[PDB]
Every structure is written in C-alpha cells, then in structure tokens.
Undergrad: 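Below is a structure I'd like to ask you about.
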Amino acid sequence: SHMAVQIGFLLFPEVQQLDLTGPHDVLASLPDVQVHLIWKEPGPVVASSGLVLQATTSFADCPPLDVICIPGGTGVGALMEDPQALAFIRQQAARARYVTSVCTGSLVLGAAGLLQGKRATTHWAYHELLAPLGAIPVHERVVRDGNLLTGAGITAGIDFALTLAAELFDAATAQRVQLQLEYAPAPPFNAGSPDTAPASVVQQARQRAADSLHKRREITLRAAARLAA
Amino acid sequence: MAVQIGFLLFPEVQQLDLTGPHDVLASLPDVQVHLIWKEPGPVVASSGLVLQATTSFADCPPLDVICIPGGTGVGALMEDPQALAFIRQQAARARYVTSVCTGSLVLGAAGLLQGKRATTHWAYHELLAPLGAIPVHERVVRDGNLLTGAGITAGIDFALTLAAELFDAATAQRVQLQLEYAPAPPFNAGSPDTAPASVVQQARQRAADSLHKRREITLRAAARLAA
C-alpha cells in the first residue's frame, strides 16, 4: 500500500548475497512492507558468488526510507571510497527510523561517519577495523545503539532481521515469522565462531583473509582521514 | 570433474530456500552451481525478489546434486509433467537427490519419496505420508542418497551437512566459520514445540488455506503414481 514501511537495501557489485537475501525474506514476511534494492541505476548486479540480483531503483529515485540496510561482501572496499554511495547513505540516515547493516556493511556506515562514538559489530575477521572509524567495537551477534543496529558476519543477518522485526512491529509478530521460517537452527558442526572452531580452522581462516585485511586497513585509514578533514 | 550442483528455480519460489544453500555451496572448491528453469532468464520469487535462471532443462549438464527448494510455487510443480520428468531424469544418476522445505513435496509428486524417510516444513508435514514417505520429524533427514531439509531456514543446516558429504568435515567447518554461522535467535519460537501457543495458533491459521489447497493437489498427485 501507500502507507507501507519503506525498507531499502544497498545492492552493489560483489555483494555477499546472503547478507541481503536472508534479511530480505524475513522482512518481506511482515505486513505492508515495500522493499527496495538500490544502486546507481536499476538493473542487474552480480554478487560475489555469481548470483545475479536486480536493483529496483536508483539513488535519485529512491523514496525516503524508514530502514536503510547495508550488506557486506568483497565489494565493500570500493563503496568505502564512493562519494555518491556515501552521500546517499548519509542523506537517508538523517531521517530513517533505523540505520542498519550486516557483516562488513558496517565498515561502509563507518566510512560515511555514522559509527563515531557508537557501538557496532561486524564480521569476526574484520572486527579490528571498527575502532579507526570511531566505533566502540562489541563482540556480539546483533548490536543496538539507539537507532543503529548492526549484525555480525554473513548469517547473522537472519538474527538481525528478526531483532529488527520486533522493533518495527512487536515480539509476537517477530515470533510468528520465526515460526514460519522454522528458524530453530541445529548446525551439524560447532565451527561458526573463532572461539569454538578447531584452532586449525581458525588459523587457515585468518591467513586466507590476511591480504584482504591489509588492503582494507589502508582503505579504512584513508576513509578515516576524510572524516577528520 | 568439477561437482555440478543444480537448483530448480521456479516462479513463486521461497527465495531463502535456494539462496541460503547457494551461498554455502558456492563457497566450496571445484563446484559449479546452476539455477535451472524451462528457459534462462528472470524468475520472480514469492517476495517479489527477481532471480535469474542460468540454464534451461536441455542445457543443464548432468548433475552431481539436484536440489528442489520450496515455496508457494510448489503446488503448480506437483502437477507439471515436464518439471517432474526433468527431476526424474536428473535423479536417475545424480549422486544426491535433495530438497529444502516444501521442495520435498515436489520430490514426492515425482515418485522419489516412495518408502523413504523424509521431512518437510512443520506446517505441511502431514502431506508426506500420502506421497509414500516415512515421515520423520528431524531437521535434516538422510535416506541413502536422498537428503531432505525441514522448513525454510533449515536449508543452511542442510547445506552444511551436504558440504561435509561431498568433501569432508574440515571443509564444512571452514565454510561455517566464514559464514559466522553461530546462530543466536532473539526468540525461541522456531518450532511448534517451543513457540508460545498463541504464536502457533496464528501461524497455523495463516497456513490453513494453503494447506487445504495442497491437500487436494497431493491426493491427485498420489493417485497418478498409483495408476
């Protein structure tokens, strides 16, 4: 309807698609919501896995949003230095009811200046990059600070979206959606956190990310310098 | 030599049934993932999210794994002879025949659950028995080379289970850590056993019309298998 809650996800090249599609299916289950997928122009955008998604609106045509949500992925590094994307995020955040992200999407919020003095989380492997952007880093799965909600790595988007559902509506509605999604997880292994995974697995995860971390650290410090000037 | 994994992408799919497993499995080495429909091109999910099929039935390579997601659109598939014949064609040699949520009802309509242990979404579980399955109330059920997952989000648990079977435990653990899949749901309402009674009543009330329509489709599909 024309009174629908307006929810917008930034959809960018090399996004981690589950960061977006998990929350999307949770939030699209709520009453009278309209969901936008936003990029520089409508059309196909290819996720890091090769899955093709479709942006529904441009920055210029996007209506004022009640919720803005930034997913993460390999493509965040480019977004952290994209003045057009950062300007759009800041404009929408001025009036959004909730300003949100999943995984390394919080680094984009940081580059936009929206984490200064705020508690936030991100993917476990990139958590150290929050502090240079002014955030108070919190090692929890879903972190709230006022109208800022941030989720941790990839699959945390589902827990994040159920938390957001309860704030937009109420606990009963969020529970109904949880039941419809049969979200009673039973992972076959206990390796979802660096604290519980086998040490051998964590060490490989850290080394496989080392080059990306060093590159993102330099981008992060450039973005921080632009906030300081 | 790459492992060929195919998902059936159909109109009115529940997209998370597909996109959850897709991001898990596409993270593995030496795999190629296909999104299959009658023709390549856009296919709109039940939420309005637009996905893109990458291959037609005819161009799909022989699959190591076939996976049927669920959603509103399964009712049509259960009486679509082309889709059912394609599924049987690929199941004949696939190493694994699989589904998530109400995708197992499509496997049932194709005749592939006869005498097998299987699960589905909690609200439609009663429809497995008329399709010949032995219904099991577990989140991921394996019977030989058949793996079925329960409702929607069970696809993530299903996909990690499958990853370990295709490769090994260490490979599945690496992917689990990259996905930071250590869930901490904000409520305990993911199962009819644990949700408040008021929430269960509302969820059942909302599913009632779909369940009735699917009771009727299921009995026609079963009668075809019998005749």
Side-chain angles (χ1 to χ4, degrees), chain A residues 17-18 21 44 46-54, chain B residues 1-11 13-45 50-71 73-74 76-78 80-101 103-104 106-113 142-149 155-156 158-168 171-172 175:
Chain A
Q17 60 87 0
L18 191 51
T21 61
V46 182
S48 65
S49 65
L51 187 82
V52 180
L53 296 171
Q54 173 86 3
Chain B
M1 305 303 245
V3 176
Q4 304 295 315
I5 299 174
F7 291 90
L8 194 66
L9 174 53
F10 52 88
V13 66
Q14 185 79 60
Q15 59 87 1
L16 188 50
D17 295 8
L18 186 157
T19 59
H22 189 285
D23 234 6
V24 184
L25 299 169
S27 299
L28 297 165
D30 303 305
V31 310
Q32 291 181 266
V33 185
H34 307 279
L35 304 174
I36 306 152
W37 187 232
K38 293 183 181 187
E39 61 185 277
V43 187
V44 187
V50 182
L51 298 172
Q52 178 91 4
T54 62
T55 185
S56 64
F57 290 173
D59 291 334
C60 187
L63 297 174
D64 290 281
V65 177
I66 187 167
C67 185
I68 314 301
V74 300
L77 288 186
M78 286 176 77
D80 181 338
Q82 290 177 346
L84 298 177
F86 175 79
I87 294 169
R88 285 191 291 261
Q89 178 193 6
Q90 287 287 351
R93 300 289 308 185
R95 198 180 326 166
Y96 297 102
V97 179
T98 73
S99 63
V100 178
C101 195
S104 54
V106 182
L107 295 178
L112 296 170
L113 299 185
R142 178 163 183 172
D143 189 335
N145 78 331
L146 176 70
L147 275 86
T148 57
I156 300 168
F158 151 78
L160 286 170
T161 300
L162 181 65
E165 292 299 313
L166 290 169
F167 293 94
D168 57 19
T171 302
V175 174

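Chain naming here is simple, since letters A, B, ... match the order of the sequence lines and numbering starts at 1 in each.
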Undergrad: Looking only at heavy atoms, what is the nearest atom pair of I66(B) and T98(B), with distance?
TA: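 In this case the closest contact between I66(B) and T98(B) is O-OG1, 2.7 Å.
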Undergrad: Take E165(B) and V65(B), measure what side-chain contact (heavy atoms from CB on, under 4.5 Å) needs, and give me the verdict at the end.
TA: CA-CA 11 Å; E165(B) 292 299 313; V65(B) 177; over 6 Å; no
Undergrad: Which heavy atom of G20(B) sits nearest a heavy atom of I156(B), and at what distance?
TA: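 Taking every non-hydrogen atom into account, CA-CG1, 4.4 Å.
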Undergrad: Can you see which heavy atom on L18(B) is nearest to which on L8(B), and at what distance?
TA: CD1-O, 4.1 Å
Undergrad: Show your reasoning for whether side-chain contact (heavy atoms from CB on, under 4.5 Å) applies to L84(B) and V106(B).
TA: CA-CA 8 Å; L84(B) 298 177; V106(B) 182; 4.1 Å; yes
Undergrad: Kindly indicate, with the supporting measurements, whether the criterion side-chain contact (heavy atoms from CB on, under 4.5 Å) is fulfilled by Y96(B) and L166(B).
TA: CA-CA 9 Å; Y96(B) 297 102; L166(B) 290 169; 3.9 Å; yes
Undergrad: Assess the residue pair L35(B) and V43(B) against the criterion (side-chain contact (heavy atoms from CB on, under 4.5 Å)); give the C-alpha distance rounded to whole Å, side-chain angles, the decisive distance to 0.1 Å, and a yes or no.
TA: CA-CA 10 Å; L35(B) 304 174; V43(B) 187; over 6 Å; no
Undergrad: Partners of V52(A) by side chain to side chain contact (heavy atoms under 4.5 Å, CB included), sequence neighbours excluded?
TA: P44(A), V46(A), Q52(B)
Undergrad: Would you name the heavy atoms of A53(B) and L9(B) that are closest together and state the gap between them?
TA: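 Reported closest heavy-atom pair: N-CD2, 3.5 Å.
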Undergrad: Are side-chain heavy atoms of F86(B) and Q90(B) found at a separation under 4.5 Å?
TA: yes
Undergrad: Working to the nearest 0.5 angstrom, can you tell me the gap between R95(B) CZ and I5(B) CD1?
TA: 9.0 Å
Undergrad: Can you tell me if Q17(A) uses its side chain to pair, donor with acceptor, with the backbone of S49(A) under 3.5 Å?
TA: no
Undergrad: Sequence neighbours left out, cut at 3.5 Å: what donor-acceptor pairs do the side chains of residues 25-34 of chain B make with other protein atoms?
TA:
unit_1 : atom_1 : unit_2 : atom_2 : d
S27(B) : OG     : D23(B) : O      : 2.8
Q32(B) : OE1    : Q4(B)  : NE2    : 2.8
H34(B) : NE2    : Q4(B)  : OE1    : 2.8

Undergrad: Can you list everything that forms a side chain to side chain contact (heavy atoms under 4.5 Å, CB included) with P40(B)? Sequence neighbours excluded, please.
TA: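 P40(B) satisfies side chain to side chain contact (heavy atoms under 4.5 Å, CB included) with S56(B) once adjacent residues are dropped.
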Undergrad: Of the non-hydrogen atoms in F57(B) and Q82(B), which two are nearest, and what is the gap between them?
TA: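 Minimum heavy-atom separation between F57(B) and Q82(B): CE1-O, 4.0 Å.
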Undergrad: With no hydrogens and no angle check, is any side-chain donor or acceptor of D17(B) less than 3.5 Å from a backbone partner on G70(B)?
TA: yes
Undergrad: If you take all heavy atoms of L77(B) and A83(B), which pair is closest and at what distance?
TA: CD2-CB, 4.0 Å
